[PDB]
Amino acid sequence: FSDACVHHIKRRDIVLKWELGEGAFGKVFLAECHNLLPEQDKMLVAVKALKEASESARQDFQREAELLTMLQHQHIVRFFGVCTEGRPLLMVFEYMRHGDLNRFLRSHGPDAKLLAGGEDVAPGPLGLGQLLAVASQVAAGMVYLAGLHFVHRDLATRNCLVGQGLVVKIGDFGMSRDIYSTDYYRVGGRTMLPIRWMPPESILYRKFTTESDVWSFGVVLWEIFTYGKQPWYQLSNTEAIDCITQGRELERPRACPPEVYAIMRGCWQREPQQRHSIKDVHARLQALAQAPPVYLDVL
């Protein structure tokens, strides 16, 4: 009865405007959705239209909508429900106007100037305060999921979305975008591993736990303070496996203060149980995010 878990939207309430993205299993549109939120006769949504591989796409669709409905929470991608009346099957999401956090970081990097400012974000490179706010929110999402004993397995800035006001939410695009093909190592039967985000016990023993998500988060932090650089960008995939398995650590970013770099290092303890808790990591980044300018100045 996945049917009964998920919210449903009338097809006539959705008006497609133009495509946002396209993959093997469907197209994503920006759309107007009517009579979805009480005080909005009309709001923008992102709609995924399922390109069908028949019984398996239908089942994965229902499983994914059920899961997303269960996990709804402040720093998780907001899912509004499905449209199963006719084909194509549609999934309806909140529209996140800045797109994915990796792209957002790269367009506010250390070269940005006055032009890169906007309604939402100052010109130039994101400042320490905004970098920390981004990190705090993503870690909050991972506290919630760890609270539910849910393991992500592909936590990365490319899988987080940034909305108006720099609200950041975690999602899972499911290895679907050509621009991030480089972030995955292709093994048997087009299996894709995001090795650069994986801890040693994942690479060596094929284990991924909540503690492997805290290591992945540490790489997310590094991505954030490098403005979206790929971890181990100077290395091939196999060199990256060698460096990770043999204990090599990502270098402190220029924009990263030593206190935040200590948070990353705590995520990258070699033995999973020696890693800090994500709750503790979140608490430290929140404390820093909320700190007065006097304090942040001297970091």
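Numbering starts at 1 and follows the sequence shown. Take the two forms, superpose them, and find the largest set of C-alpha atoms that agree within 1.5 Å; that set is the rigid core.
Of 26 to 34 and 248 to 256, the stretch whose C-alpha atoms sit farther from the shown form in 9 other deposited structures of this protein, after fitting on the rigid core, is 26 to 34. The higher RMS C-alpha distance to the shown form in 9 other deposited structures of this protein, out of 130 to 138 and 77 to 85, belongs to 77 to 85, with every structure fitted on the core.
In the record comparison, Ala156 is modelled in each of the other entries of this protein that model the residues flanking it, with no third of them omitting it. When the other compared entries with both flanking residues are checked, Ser54 is unmodelled in at least a third. Comparing 21 to 29 with 8 to 16, the stretch with the higher mean C-alpha B-factor in the PDB entry is 21 to 29. Legend: mean Cα B-factor per stretch from the PDB entry, 243 to 251 versus 36 to 44; the higher mean is in 36 to 44. Highest CA B-factor among the listed residues (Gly228, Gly188, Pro200, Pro194): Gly188.
Highest CA B-factor among the listed residues (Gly124, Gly81, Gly141, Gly218): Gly124. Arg87: CA B factor in the highest third of modelled residues in this chain (values from the PDB entry). Per-chain ranking of the deposited C-alpha B factor places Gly171 in the lowest third. Remark: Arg177 belongs to the highest third of its chain, ranked by C-alpha B-factor as recorded.
Among the modelled residues of the chain, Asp213 sits in the lowest third by CA temperature factor in this PDB entry. Sort the chain's modelled residues by C-alpha temperature factor and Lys207 lands in the middle third, per the entry.
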